[PDB]
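2 protein chains.
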Amino acid sequence: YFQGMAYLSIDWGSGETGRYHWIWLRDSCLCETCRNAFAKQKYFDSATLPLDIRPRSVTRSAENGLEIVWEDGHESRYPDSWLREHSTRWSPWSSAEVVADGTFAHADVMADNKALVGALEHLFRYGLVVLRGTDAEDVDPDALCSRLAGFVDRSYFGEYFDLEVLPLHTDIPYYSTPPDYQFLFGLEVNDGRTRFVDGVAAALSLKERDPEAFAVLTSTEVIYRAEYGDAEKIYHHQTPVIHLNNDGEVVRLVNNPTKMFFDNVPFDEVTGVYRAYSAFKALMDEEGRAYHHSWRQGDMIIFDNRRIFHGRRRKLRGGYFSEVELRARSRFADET
Amino acid sequence: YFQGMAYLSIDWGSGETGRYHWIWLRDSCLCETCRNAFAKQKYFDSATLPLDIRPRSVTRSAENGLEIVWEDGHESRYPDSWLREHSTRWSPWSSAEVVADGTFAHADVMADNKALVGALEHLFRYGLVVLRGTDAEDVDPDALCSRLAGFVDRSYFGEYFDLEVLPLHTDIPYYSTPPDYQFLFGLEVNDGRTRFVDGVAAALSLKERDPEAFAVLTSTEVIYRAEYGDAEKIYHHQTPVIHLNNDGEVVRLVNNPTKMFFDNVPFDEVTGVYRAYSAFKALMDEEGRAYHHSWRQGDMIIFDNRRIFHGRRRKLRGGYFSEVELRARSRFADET
Ligand SMILES: [Fe+3]
Ligand SMILES: [Fe+3]
Ligand SMILES: [Zn+2]
Ligand SMILES: [Zn+2]
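Protein chains in written order, with PDB author numbering: chain A, 18 to 105, 115 to 191, 207 to 232, 240 to 360, 369 to 392; chain A', 18 to 105, 115 to 191, 207 to 232, 240 to 360, 369 to 392. A prime marks a further copy of an entry chain.
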């Protein structure tokens, strides 16, 4: 360090050059008065750092890396193996071809982090995965949820719900923010199939066949409502069936007909949305675009409740996963 | 009904006129083959209804209301007391004056629905409420959570966390979607105060004093990161401190300095965001805009984790509430 050196600039050889501001070097101090090495958490608010902070001394040894003494006397050490590290979504499917690639073996994702990461990444991108067990296996659903997400999304229902045994729907449309992902587990299966359609593909299909119904569905709000006196909850959400972002990408689909009400659509647009809605539903019922699942015991299908329509003495067990948690499990498994 | 009558139009007297399309009247049928009166849920998908459906007969008795026989022979009855019903957010606070109006008595909201509704509505609008008990009272936290939301938001921590006993922060910034609301409960209090600042007011304040720092903070992304090896979760979110919607309304604030990293800000913008961030934090530390709370036992403060910065042998118990659930409880309590 000479007085007035504007920032740190290191030549790593072969034209790789790192540049580091003093303010950020100060903010990044590794010492035990600045950050907890265990919790990797900071003890100060960056906001207090003196903006014009300069160092008094900058010394680099090949022995103990980069050592800085700041103007205020503080001392920081930076390993070169640290400075060099800093010198630097949805895919539609109009038909069930990509679901072969998205069937994984229970044992693999239970055992191997690369398989968990791989199955979760297929789920994030395509919105459905199938996790299949063997006969030698006796697949534990609580353990599989724990492997996937740590814990499930408690809802009005509880932690899980059972179906014992048909319009296509997404689930809980009356939540202003519905659960990200749903799972169905083959709790008890014998020796009529559940369908799965990508609403994103279907909505982009509809954009072409019928741009009118697309504009209507992406811009007219209907109502989803569920009264549940037992729990003292009325869930009431007014929202469009198809949601676009600021660039007109489909980013959510919301439809369960059984709680669907058109009561608040203006008189002159009512006929238009019944037509648009009926077009959309029919398009999805087309042979070709569903994936049909033959329920085997211990099967789990996890699917993106924001975009996959699904529909039906086997007994299934269902629940929901939060994107926050799946991604954090996937990120942990991938970086170890 | 005469053949070709385009829709239903009823004169309720005094110039009140209802208009009802046939398609929606069909969709709305009250009969037991169309909807479950108990679950108020529908048995069909609206999408199947024949769009050009007309009635064959429309008869209104003052005795049993409106009776329709549809072309396909279906029969529907509509009470006039049903047809007539269908013939038809955030507030900033730059200082703690509005928190007097937002202190409610535990007993009132526990007992009276109008008080629960009133306290929850103050929470939605202003982002903080205080629920205060008496000495005769022994306030139960689980019962108070149940009264407010039915259930709390399970998180990485669990259902609740304890603090036993300082930069201003919002909590869990490393969640891509952080919890909507947080609560702090006075579990064990004796006979140094927690501050509360509205980030929305502070951010609009900053827009005026320093539009540069506003633009920087609303457009430059920083990183919030929390590694938790015990739970096999790495939470990593890149996001701006101040979030605007398409009309430039502040709709979320995200900052806990202890997990905050600027590592991925471009070299040329680093100095700008340290300045902008430091301005923002300082503005909020100004005398006047905090609300300071004197912790009494059995107190609960519920506050909007999307916008209220807060900061510190008393022992507090904390957890999180979902907007979905609070609103559903408030809507249920208000409509009974
Ligand atoms: Fe379902
Ligand atoms: Fe906190
Ligand atoms: Zn240090
Ligand atoms: Zn009917």
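In this text, a Cβ means the ideal position worked out from N, Cα and C, and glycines have one as well.
### Query
From A':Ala279 to A:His148, what distance separates their C-alpha atoms?
23 Å
### Task
Below 9 Å between beta carbons is the criterion; list the residues of the segment 57-71 of chain A that meet it against any residue of chain A', in chain order.
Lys57, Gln58, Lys59, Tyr60, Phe61, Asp62, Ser63, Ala64, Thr65, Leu66 and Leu68
#### Entry: Presumed contact (8 Å Cβ cut-off) between A:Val302 and A:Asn293, rounded CB distance
That pair is no contact at about 14 Å.
### Query
Is the beta carbon of A:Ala327 less than 7 Å from the beta carbon of A:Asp221?
no
### Query
Listed from N- to C-terminal order along the chain, which residues in the segment 320-343 of chain A' have their beta-carbon within a distance smaller than 8 Å of any beta-carbon of chain A?
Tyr322, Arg323, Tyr325, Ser326, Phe328, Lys329 and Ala330
### Task
Use the C-beta contact count for A:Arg173: other C-beta atoms within 10 angstroms, 16 or more gives buried, fewer gives exposed.
buried
### Task
Could you tell me if A:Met136 is buried or exposed, where buried requires 16 or more neighbouring beta carbons within 10 angstroms of its beta carbon?
buried
### Query
What is the rounded straight-line gap between the Cα of A':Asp179 and the Cα of A':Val380?
11 Å
### Query
Is A':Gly153 buried or exposed, if buried means 16 or more other CB atoms sit within 10 Å of its CB?
buried
### Query
Who pairs with A':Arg115 in a beta bridge, going by DSSP?
None; A':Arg115 has no bridge partner.
### Task
Tell me whether A':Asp212 counts as near ligand 2, meaning its Cβ is closer than 6 Å to at least one heavy atom of that ligand.
yes
### Message
Please list, in chain order, the residues of the segment 304-320 of chain A that have any C-beta partner in chain A' closer than 7 Å.
### Response
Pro305, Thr306, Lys307, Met308, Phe310, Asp311, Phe315, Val318 and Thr319
### Task
Give a yes or no on contact between the segment 260-277 of chain A' and the segment 163-177 of chain A', applying the rule of three or more CB pairs nearer than 8 Å.
no
### Exposure label - A:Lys140; buried when at least 16 CB within 10 Å
exposed
### Task
Round the Cβ separation of A':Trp29 and A':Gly21 to the nearest angstrom and send it over; I've been treating them as touching at under 8 Å.
With a Cβ gap of about 24 Å, A':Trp29 and A':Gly21 do not count as contacting.
#### Entry: For A:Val264 and A':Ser45, the rounded distance between their alpha carbons
21 Å
### Query
Which residues in the same chain as A':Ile85 place their Cβ atom closer than 6 Å to its Cβ, once the five residues preceding and following it in sequence are excluded?
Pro72, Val75 and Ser93
### Query
On the three-pair Cβ rule with 8 Å, is the segment 115-135 of chain A touching the segment 246-256 of chain A?
yes
### Message
Any heavy atom of ligand 4 inside 6 Å of the beta-carbon of A':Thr50?
### Response
yes
### Three-state secondary structure (DSSP) of A':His148
helix
### Query
Can you find a C-beta in chain A' that's less than 7 Å from the C-beta of A:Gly227?
no
### Query
Which residues does DSSP pair with A':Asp246 in a beta bridge?
A':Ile356
#### Entry: Buried versus exposed call for A:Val125 [16 or more other C-beta atoms within 10 Å across all chains shown]
buried
### Message
If we define contact as Cβ-Cβ less than 7 Å, is A':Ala133 a contact residue for chain A?
### Response
no
### Query
What is the DSSP secondary structure of residue 234 of chain A', counted as helix, strand or coil?
Shown without residue 234 of chain A', the model has chain A' running from 232 straight on to 240.
### Task
Kindly say whether A:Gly176, judged by its beta-carbon, lies nearer than 7 Å to any beta-carbon of chain A'.
yes
#### Entry: Minimum length 3: unbroken beta strand (DSSP E) runs contained in the segment 260-287 of chain A
269-276
### Query
Closer than 6 Å: is that where the CB of A':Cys171 sits relative to any heavy atom of ligand 3?
no
### Message
Applying the 10 Å Cβ sphere with the 16-neighbour rule, what's the burial state of A':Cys48?
### Response
exposed
### Query
Looking at A:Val245 and A:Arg337, is the spacing between their C-beta atoms short of 7 Å?
yes
### Task
Sort A':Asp295, A':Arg158 and A':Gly82 by Cα distance to A':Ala131 and report the nearest one.
A':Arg158
### Cutoff 7 Å: A':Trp29 Cβ touching any chain A Cβ
no
### Query
Are the C-beta atoms of A:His284 and some chain A' residue less than 7 Å apart?
yes
#### Entry: Outcome for A:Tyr322 when other beta-carbon atoms lying within 10 angstroms are tallied against a minimum of 16
buried
### First and last residue of the uninterrupted beta strand (DSSP E) at A:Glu190
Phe187 to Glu190
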